[PDB]
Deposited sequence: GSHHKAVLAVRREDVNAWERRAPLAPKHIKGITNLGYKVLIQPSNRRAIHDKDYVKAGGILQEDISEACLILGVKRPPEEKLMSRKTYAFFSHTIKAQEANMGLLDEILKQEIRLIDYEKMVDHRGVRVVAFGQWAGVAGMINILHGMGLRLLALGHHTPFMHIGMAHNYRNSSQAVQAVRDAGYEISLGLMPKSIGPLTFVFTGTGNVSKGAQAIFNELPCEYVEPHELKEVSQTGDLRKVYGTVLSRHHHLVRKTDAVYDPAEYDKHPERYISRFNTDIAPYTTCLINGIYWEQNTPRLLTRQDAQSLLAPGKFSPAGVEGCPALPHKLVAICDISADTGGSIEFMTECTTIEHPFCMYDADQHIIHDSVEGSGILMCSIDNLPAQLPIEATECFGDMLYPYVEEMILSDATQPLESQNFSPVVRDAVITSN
């Protein structure tokens, strides 16, 4: 009954771990031995795991359970072990772990939305500067440039102060931020947004707010289903019918919301037959004063996907290293650019890795209650004789 946390070697930016030091201290308090494979790549230092009770050791052959974040290289797999990561060995997949209602019980929580909102604010500063406008958004870095969300929140506060002081350029007009989805990632992105001088309005007020809104505030709206979903046949919205039959519905976001949106934070988790927020034809419609102080070429400036479908023209993803691309009027995707015409787009598949300490502590909190039954399992013995809960059992891939 020995547990090991393997070293991540997926990519250079995988700095997360499946368990935090406080979780290792709890496991060692229960009487279980924990081996920690040394890793300079981890955002949490090896000495903090040692202080919690873990043993720093390269050879993890003694452990029967090996916990990692991402896939291990196939050659590094040890036979007759139980492995858990994101994908005679028993393999447990975190993403398959669900409760009796089917909701995932082990994830990174809101941190992808927190990181995504910082990134898009940073990207909006660069994009607006490329258009000729210095804004306080120039004073927000990328999410991974901050030690944690607290230090990032202070930077968002400071840029919010500049906006409330009236330091935004008057000619670009009011800024409107639209949040979609009901998951925890949308709550995380809204948490960062609430640190600005924000005012929340209903979707139907965007048309007026986008024109006459106060320039010392930013404006936000939370898009619910009933605001934009209509039946294909007669534009009716029925909550019960849409849940059972989403294929009968379309979205009027492209005409009712999109033209009045400066920045779209898309957190919708796309499912089968769910209507799309924007199509390629919508992008062409959306992309259709003084020399020193020009107006924006288009109202829509940026789109940030934090769900990692809804946006048909967003067929490619960006990375932490190259966070932004432009979708131009010729339907071309220009990678690692904020220049030219078009919409700034950000779609990073591992957002929580930009805030890896808080992402590790959140992931470990969710995983911790299922750890003990994993340690006591035996990969050589049949699955049916293991004392698993349905959460762990149904997550076994082998």
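Annotation: deposited residues 1-5, 93-111, 313-319, 340-342, 433-434 are not represented by C-alpha coordinates in the model.
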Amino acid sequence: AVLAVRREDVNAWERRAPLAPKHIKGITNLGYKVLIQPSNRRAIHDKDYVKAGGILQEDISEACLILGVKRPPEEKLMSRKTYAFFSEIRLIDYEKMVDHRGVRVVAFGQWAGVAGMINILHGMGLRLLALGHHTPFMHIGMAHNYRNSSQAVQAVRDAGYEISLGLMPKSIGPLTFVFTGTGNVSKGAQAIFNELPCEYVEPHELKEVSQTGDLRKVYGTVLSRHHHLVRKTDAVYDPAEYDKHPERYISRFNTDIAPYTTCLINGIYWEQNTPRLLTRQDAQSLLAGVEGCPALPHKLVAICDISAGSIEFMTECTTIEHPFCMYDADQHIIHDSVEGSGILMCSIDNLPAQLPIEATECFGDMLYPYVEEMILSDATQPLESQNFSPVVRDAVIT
From here on, numbers count along this sequence of modelled residues.
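Between the stretches 221-229 and 92-100, it is 92-100 that shows the larger average CA temperature factor. Mean C-alpha B-factor is higher over 367-375 than over the other stretch, the pair under comparison being 348-356 and 367-375. Within the listed group 273, 318, 211, 154, the record reports its top CA B-factor for 273. For the set 296, 191, 303, 314, the maximum C-alpha B-factor listed in the entry falls on 314. Sort the modelled residues of the chain by CA B factor and residue 38 lands in the middle third. Sorting the modelled residues of the chain by their CA temperature factor places residue 47 in the middle third.
Residue 137 sits in the lowest third of its chain by CA B factor, as recorded in the PDB entry. In the deposited entry, the Cα temperature factor of residue 17 places it in the lowest third of its chain's modelled residues.
Placement of the Cα temperature factor of residue 55 within the chain: middle third of the modelled residues, per the deposited record.
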